[PDB]
K.L.:
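This is the structure, below, for whatever I ask next.
Start at 1 and go down the list; that is how both ligands and their atoms are numbered. Sequential numbering from 1 along the given sequence is applied to the chain's residues. No hydrogens, no waters, no symmetry mates; every other heavy atom, side chains included, goes into these values.
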Amino acid sequence: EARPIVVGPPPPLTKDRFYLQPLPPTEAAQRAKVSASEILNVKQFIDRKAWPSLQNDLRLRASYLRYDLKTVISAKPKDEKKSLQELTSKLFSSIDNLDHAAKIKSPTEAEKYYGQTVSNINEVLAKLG
Ligand SMILES: [Zn+2]
Ligand SMILES: [Zn+2]
């Protein structure tokens with residue numbers, strides 16, 4: 001839940017937590033794209049009011065994305081880092097708010113924050129290319 005346990009990375013080329021292996025920038029960007037797609041697949045949980053399922057899935061995706069986007073930003077050119085970091089921060093705010101909506105079992109807030117998350121994912125994907 002929210003914060004993952006970081007396990008050892010591949011060589012160079014606790015209760016209720018997910019596990020994360022750090023990846024190199026190229027592999028991190030690919031994993032980010034996957035995790036983004038998976039986030040948008042939580043709509044099924046919102047519609048069926050499956051709140052724990054929504055929270056657990058979202059937390060797994062958010063755990064990877066947060067880490068992977070940091071990795072990606074670190075390898076980007078100086079002149080591109082701040083924009084991607086702002087887009088990423090906005091995305092995490094909407095993800096955190098969607099989690100919040102699930103905690104309080106609010107369909108209206110969940111739909112609101114899911115809609116924002118769609119837009120925010122798209123902006124990040126456009127930078128990843
Ligand atoms: Zn819906
Ligand atoms: Zn609220």
Side-chain angles (χ1 to χ4, degrees):
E1 292 317 279
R3 183 182 1 116
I5 296 155
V6 182
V7 301
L13 200 56
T14 328
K15 174 154 162 202
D16 284 336
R17 309 231 293 169
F18 295 115
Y19 303 91
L20 185 138
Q21 216 184 14
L23 299 175
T26 290
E27 298 176 41
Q30 173 59 23
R31 190 167 63 190
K33 294 171 188 185
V34 173
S35 300
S37 73
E38 291 165 337
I39 286 174
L40 296 180
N41 212 20
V42 306
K43 187 60 145 71
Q44 68 185 303
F45 304 126
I46 295 170
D47 292 347
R48 300 175 11 230
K49 291 175 174 56
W51 310 110
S53 282
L54 171 57
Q55 285 193 287
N56 294 330
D57 197 283
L58 187 65
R59 289 179 186 203
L60 176 52
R61 312 311 165 192
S63 289
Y64 288 142
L65 252 189
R66 191 189 295 275
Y67 198 99
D68 291 331
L69 292 170
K70 187 166 332 293
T71 299
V72 170
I73 289 160
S74 288
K76 280 288 172 191
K78 206 189 169 285
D79 52 78
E80 290 168 26
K81 293 174 190 292
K82 295 189 186 105
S83 168
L84 182 54
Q85 196 186 43
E86 291 176 3
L87 296 174
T88 292
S89 174
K90 186 163 174 177
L91 172 61
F92 280 92
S93 292
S94 64
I95 288 172
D96 287 350
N97 290 332
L98 178 55
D99 176 66
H100 152 73
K103 187 181 190 177
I104 67 169
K105 299 186 273 295
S106 169
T108 53
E109 298 195 7
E111 294 280 348
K112 177 181 165 182
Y113 296 121
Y114 176 86
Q116 290 178 186
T117 295
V118 172
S119 178
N120 298 337
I121 287 287
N122 283 336
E123 298 287 344
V124 169
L125 295 178
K127 296 318 196 80
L128 300 179

K.L.:
State, to 0.1 Å, how close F92 and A62 come at their nearest heavy-atom pair, and which atoms those are.
P.N.:
CE2-O, 3.7 Å
K.L.:
I'd like to verify the contacts: list protein N, O or S atoms under a distance of 2.8 Å from the Zn ion (ligand 1).
P.N.:
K43 NZ, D47 OD1, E111 OE2
K.L.:
Given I39, which of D57, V118, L58, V34 fulfils the side-chain contact (heavy atoms from CB on, under 4.5 Å) condition?
P.N.:
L58
K.L.:
Using the Zn ion (ligand 2) as the apex, give the angle to atoms NE2 (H100) and OE1 (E109), rounded to 10 degrees.
P.N.:
110°
K.L.:
Under a single-linkage definition using a 4.5 Å side-chain heavy-atom cutoff for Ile, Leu, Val, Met, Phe, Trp and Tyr, are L84 and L65 assigned to the same hydrophobic cluster?
P.N.:
yes
K.L.:
Any donor-acceptor pair under 3.5 Å linking the side chain of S35 with the backbone of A32?
P.N.:
no
K.L.:
With a 4.0 Å cut-off, would you call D16 and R59 a salt bridge?
P.N.:
no
K.L.:
Closer than 4.0 angstrom, basic N to acidic O: yes or no for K103 and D99?
P.N.:
no
